[PDB]
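Alright, here's a single protein chain in two forms, structure 1 and structure 2, each given by itself as structure tokens.
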Structure 1
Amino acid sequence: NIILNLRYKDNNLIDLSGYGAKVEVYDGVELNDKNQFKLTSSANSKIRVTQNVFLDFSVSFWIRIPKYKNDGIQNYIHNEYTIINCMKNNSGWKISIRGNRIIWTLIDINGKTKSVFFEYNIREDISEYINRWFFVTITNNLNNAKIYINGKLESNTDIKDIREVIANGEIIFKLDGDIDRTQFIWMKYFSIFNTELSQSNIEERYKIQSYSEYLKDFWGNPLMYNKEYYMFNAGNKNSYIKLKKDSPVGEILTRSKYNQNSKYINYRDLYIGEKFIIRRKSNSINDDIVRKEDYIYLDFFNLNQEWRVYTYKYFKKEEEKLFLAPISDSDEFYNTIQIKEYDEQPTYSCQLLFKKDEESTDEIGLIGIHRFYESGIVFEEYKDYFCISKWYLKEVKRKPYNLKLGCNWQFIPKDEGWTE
């Protein structure tokens, strides 16, 4: 039921539908072999698709929309811009964005218009949508326009009043509107179908196009070795790891927040805590992507020295503080971590299992966060620390898998799409 299927092949985009649409990718479009493409604000950043009665039809694609600039928030909220336009004789459809809102507009032959949209929150401590790959699907039948986000129905618009909408027009991928120079958009897997896709089908496609042998970072891009990452905890979203002053352990602190006074904006800072870096058991090499079940060392930088995250071999309680220390071999600690992804649903979270070596059947425990007793004349009697725990060994077997377990981590690199 596919009538257009844009995919990457050899530094270009082509139609694989077999209906042979002509695709002109202009020099302003950045492409990669992960099928991601980038529309920027410069004039040559566009794609023209020339394709060879009331018709049901559906569009799906992935999109990654960058965070607002804090100092440019008014126009982000105010200014709508088209990113994909498909019109003939002033009739057709368009996909637009006005700030934190993505919009689907239908235009009949008479110019009569209807829209359906999805809006995400820009006051969330930590957002699931901002500058993160998510999945979009819009369906149209005789009576309704629907938007699905990540397989789930989000909005519905009655389009009974509309009239014949012309669909054969050329499709223009280009940012069009009163935008800032720094504005851009990433897209992936653009598709069009000659039927209204059912919620069941969208969900299956969501899961299938979510599949990868590799792991992903917090933004949704492939997880990499030898790349600097801040760490996020899905069970403790506002917390972060810092090497404790004068002690070789990771204390856990609360993220700082947006500290100015725009009334449209709130978020927690993401670029804080230690800069971690994932290495290889053996060991630095070109574009090495991290895969499920890989064996790694979890390292980080401490004043131009590379330190590593250890566990004591012989910890006595159900959980214990991790040891953060220089790279060294020791009879007393494990350093071998196996990176895991226990969730069976789409996710960017992973788990970090300590192990004896690469051949062992023994599971020592999973890295997470726990509260420990503070001795002496202190403020608080308990404090959060960067830990290993045997308890998660039990909890990761429960089904369905818990998205919010404190043994679920994501890795956050600096990214042009998030500034704070």
Structure 2
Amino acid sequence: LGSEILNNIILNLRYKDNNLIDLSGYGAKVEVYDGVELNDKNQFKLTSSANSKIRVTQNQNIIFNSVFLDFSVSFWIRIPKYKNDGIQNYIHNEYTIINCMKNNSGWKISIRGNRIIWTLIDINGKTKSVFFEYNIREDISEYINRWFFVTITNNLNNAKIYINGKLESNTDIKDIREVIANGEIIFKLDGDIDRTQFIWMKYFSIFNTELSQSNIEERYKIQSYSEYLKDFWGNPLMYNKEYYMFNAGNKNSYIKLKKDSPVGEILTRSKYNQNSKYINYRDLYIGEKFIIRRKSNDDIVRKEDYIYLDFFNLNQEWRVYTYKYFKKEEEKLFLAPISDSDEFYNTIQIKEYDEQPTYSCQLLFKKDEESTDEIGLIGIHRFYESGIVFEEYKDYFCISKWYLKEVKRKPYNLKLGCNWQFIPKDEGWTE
């Protein structure tokens, strides 16, 4: 519902009672029309429909004028992937998503494909822009259809764009003067958009100061904090939801039940196959479909929860176990039907060892929920089945004692092969 606000906050849009409200203390009027989907996780969806809009009327009844030259805008956003057959429109058609104009002066936020654009228009109408563009040729993108944090700061000399707390862009704007900023704010997709186009946003805020990088980084962490884990897209991780599994230490690797052994072999993700020169990605919807079950008033997965990691093997739900007696530093996990046996552990404690914001989680096998003894962490290990030839190997879905010490190190090793993320089907990702 916000992060850090040291008297510089002048607009603070937050969810309240199936509505959005300005909690800044300036009492702006907010009108959410019917085409806007809201939820109590403070996310709102702008669509292509005419009634999908928000009008914020800022408070003109106050004597105090809060913004002169210095001001900042912050929000989280989730931008759906290009449609593979619609790359040309994606690349060329720019659309406004937030517009604040009064007397041919103000600001706007717009999107053109994989680019998000901040535009300033001073009181004379003179215009400057700054943008952040993310790669659409990554095997695995940090940005495409995943929640990320934008902060835009403005002073006399510079317009800056921070992404997830880090400075990414900077435009000199000495040649424009101040912008008249008290106008209506219209959240609405405006441009030559596909009928299918949409955008999700969250925690929209305006500040009457230029936020320091220090401040933005703090706000990033505070607004990232949750007691629950997240999936790959950054939404709350859920029980009873079908998920593909991603490994942050092995981005292009996915798990498949071996055809003649009750173990999970690791294979390489297939990639974009249709020869457009503008795009590349690795496929996400592959490997076994996993599902998380509660071991036991909502379906949200929280840190330190005890779980069963299951997956679907044709039309049966199977389970991931560890054989109780393994002497080696790591061992292949046992994938089999749901079953009780005193020769196998089946209880996993889901973990979050990283102290910085992340969508990765870790999976800890323990004897019993009760015991303090730690068996190992689920991760990928390598097996040289011929000679030790570094380029000829077989990777496997394993439990590992080695990761137990490795997760202790600070700062957290983001790239450990015991870092997992869960990917549900999402309408913002087609392949």
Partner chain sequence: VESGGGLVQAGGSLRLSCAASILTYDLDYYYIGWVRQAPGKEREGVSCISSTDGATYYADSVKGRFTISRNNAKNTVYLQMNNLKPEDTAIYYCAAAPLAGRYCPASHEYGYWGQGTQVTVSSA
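Numbers follow structure 1, counted from its first residue as 1. Throughout, rigid core stands for the largest set of C-alpha atoms superposing within 1.5 Å between the two forms.
Engineer: Looking at both forms of the chain, which one is the form solved without its partner chain?
Structural biologist: Of the two, structure 1 is the form solved without its partner chain.
Engineer: Fit the core first: which of 362, 27, 381, 33 then shifts its CA by 2 Å or more between structure 1 and structure 2?
Structural biologist: The listed residue whose C-alpha shifts by at least 2 Å is 381.
Engineer: So with the rigid core superposed, the C-alpha of residue 112 shifts by how many Å between structure 1 and structure 2?
Structural biologist: Here the C-alpha difference is 1.2 Å.
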